[PDB]
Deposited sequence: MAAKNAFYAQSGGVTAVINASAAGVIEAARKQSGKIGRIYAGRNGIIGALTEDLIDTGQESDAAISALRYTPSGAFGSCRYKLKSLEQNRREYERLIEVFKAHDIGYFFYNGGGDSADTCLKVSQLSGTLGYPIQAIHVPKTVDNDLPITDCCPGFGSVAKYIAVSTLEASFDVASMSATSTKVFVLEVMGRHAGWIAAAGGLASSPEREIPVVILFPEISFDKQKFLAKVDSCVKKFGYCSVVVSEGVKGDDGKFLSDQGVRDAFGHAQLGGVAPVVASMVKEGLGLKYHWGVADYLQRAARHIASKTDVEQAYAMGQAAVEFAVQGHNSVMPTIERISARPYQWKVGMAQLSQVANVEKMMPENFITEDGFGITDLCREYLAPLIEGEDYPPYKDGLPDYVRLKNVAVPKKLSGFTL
């Protein structure tokens, strides 16, 4: 048998990870003959371990399609990254005749698929494990970009643009500096998106604090001051993972704001987007949405073609911007991240270069708005009907 499929989400969720789920599920449903029942892990991989499976077959076609415009993880997710655990996974998949494992997550998920695939054969129950890319941090290697990043980038760009229009109108006699804290503990891709608020036809002062750059309060204040002098105001985009001469600097926005007041005496305003930036399906990138769905669909097609231990990718064929689906071996993804290029950050280290803009800009192109009802996005909530347990409990 081994014709059933298992899909699970891992790590932090995004605004379009459900689009990837729809790609996987709709592609799998069109199969049948190859793929039997489609199960999902409640709350992720942990659902697999505790045998809390969801029968996605009980969701209507309309409900699955609605996943394409619904934020976060419709089946739940977790940050659970063990011989006993791996063996338990195989036992559960075996009990439910699962021969396919579609794991939708970041870098760590890639390694899991690799281990699941290799241990399954060793235990006499081979499973095709396919990694479906996801990460708002945009740190996966090989692929041109990661599903979820384009939408966060669009949100950050739009938000930075709007906050800049606001502070600008008030800068004459009131607030002159706005500080926005964004995600990106180690990578600066998110922060970089803030630079998109500025254009050649409409230049806007956007001082970016990247995690990759060592924070220099002196250079920073100097930059802000020069901006306030030239434009009358200044917007600051700061990553949560910025570190100074030491390490780390609880918000990072309140702290940066105080430095500006303390060293320049300028009135300020600050905000922390936190979860809003990664769940902003109301202003998602159409390009990102299409790519997220594509990756899910391709995972299934690759599995049916007989591939194993691979990850579909986004290949930038041309810059108009054109992309196609590619395929990477997980041995090339396991570990090794996509660090932000040094030539993507300006000489002063507070902005993005034209090279960076050329890369980022196409990723936020287009708007894909969810339908509305009574003033709000009509987001879907799946029935997520539980699957009867077959094994004894797991701790």
The answer, as deposited-sequence ranges with no C-alpha, is 1, 83-88, 257-271, 342, 419
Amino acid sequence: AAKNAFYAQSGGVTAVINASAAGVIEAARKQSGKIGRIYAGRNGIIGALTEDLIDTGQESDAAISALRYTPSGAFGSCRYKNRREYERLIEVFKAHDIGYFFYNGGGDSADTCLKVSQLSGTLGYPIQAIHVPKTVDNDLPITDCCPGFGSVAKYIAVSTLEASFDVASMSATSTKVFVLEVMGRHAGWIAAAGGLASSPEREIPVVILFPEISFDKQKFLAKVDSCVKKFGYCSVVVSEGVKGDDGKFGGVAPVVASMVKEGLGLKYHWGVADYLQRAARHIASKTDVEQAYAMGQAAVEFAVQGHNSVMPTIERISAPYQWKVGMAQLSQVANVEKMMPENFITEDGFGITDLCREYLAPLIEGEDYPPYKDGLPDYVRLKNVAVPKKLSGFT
From here on, numbers count along this sequence of modelled residues.
As the entry reports it, the stretch among 235-243 and 69-77 with higher mean C-alpha B factor is 235-243
The stretch whose C-alpha atoms carry the larger average B-factor in the entry, 129-137 or 110-118, is 110-118
Entry record, C-alpha B-factors for 103, 149, 210, 178; the maximum is at 210
Top Cα B-factor in this entry, restricted to 85, 301, 91, 97, sits on 85
Assert third(CA B-factor, residue 339) within chain per record equals highest
By the entry's values, the third containing the CA B factor of residue 58 is the middle
Chain thirds by Cα B factor, record data; residue 391 belongs to the highest
Sorting the chain's modelled residues by C-alpha B-factor and splitting them into thirds places residue 214 in the highest
Chain-relative C-alpha B factor for residue 205 (record values, thirds): the middle
